[PDB]
Each structure stands twice: as C-alpha cells, then as structure tokens.
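J.: My sequence and its experimental structure, below.
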Amino acid sequence: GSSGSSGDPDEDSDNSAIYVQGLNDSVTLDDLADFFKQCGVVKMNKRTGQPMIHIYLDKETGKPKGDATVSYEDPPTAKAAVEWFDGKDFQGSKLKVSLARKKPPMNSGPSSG
C-alpha cells in the first residue's frame, strides 16, 4: 500500500520467439509463415525478406522431424501466438508451441524433491 503509482509489474519475457513441435514431414517454411502469421506478424528480414522461421531437418534423411521456431516482431505477439497455436492441428498433426526461452523464477520456485 504505497502512495503514487511508480511503474506497474508485468511479464518481461523479452523472448519474442516460439518453439513449435509436432510438425509433419511435409511441412514447409512458407506453410509455417502463412500459418504462424495468423496470430500476428512474423518477423520478416529486411535484407533477405524471409521469415525468421527455422525448421530442423533430420540429418539422417533430411526431412523436417517436426520441431521448429518462429521469431515474432514483439514479445506481446509471441506470447499470444504460443497459446494461439499451442494445441493446433497442422495437416492432422498436433502442434506444440512454447516460448523457446521459458524458465521458472527463484522466489517460490522449487517446492520439493
């Protein structure tokens, strides 16, 4: 109970990227760029004009295992996009979106072992 509102607390998850997991073996960048953009706008390079989306491909065959990452412009969009695509259905497969950089604080963090 202090006098005067000197700045209010809020989620400072600078992380504006999201980690997707559950993509098919036929998923393409453009396919993820046009979809991930559903929520907001996907950080598009100003020099290459390409989306900041990554699609890890199995070094065994070269196909997209299913995991990927989408870097959004601002955090406000990334955090909103996570719960947006989190649990979506791509080509019949379930997608799992989660802020790449996610970790619990220290205060009241651990409970037991």
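T.: Here it is on my side, so go on. Residues are numbered from 1 along each chain as shown.

J.: Just say helix, strand or coil for residue 76.
T.: Reduced to three states with DSSP: H, G, I helix; E, B strand; the rest coil, the structure at residue 76 is helix.

J.: Run a quick neighbour tally on it.
T.: By the measure other C-beta atoms under 10 Å, the count of residues near residue 76 is 13. Heads up, the C-betas are built off the backbone N, CA and C, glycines and all.

J.: quick one: it from residue 53, how far?
T.: Counting by C-beta to C-beta, to the nearest Å, the gap from residue 76 to residue 53 is 19 Å.

J.: List the buried residues of stretch 22-35.
T.: 22, 23, 27, 31, 32, 33, 35 (16 or more other C-beta atoms under 10 Å).

J.: thought the fifth one was touching residue 50?
T.: No: the pair residue 32 and residue 50 does not pass the contact test of C-beta atoms under 8 Å, sitting 12.0 Å apart.

J.: I'd like the buried residues of stretch 22-35 as a markdown table, with distance to residue 8 appended.
T.: As requested, these are exported to a markdown table (distance: C-beta to C-beta, whole Å):
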| residue | distance to residue 8 |
| --- | --- |
| 22 | 36 |
| 23 | 38 |
| 27 | 40 |
| 31 | 40 |
| 32 | 35 |
| 33 | 35 |
| 35 | 34 |
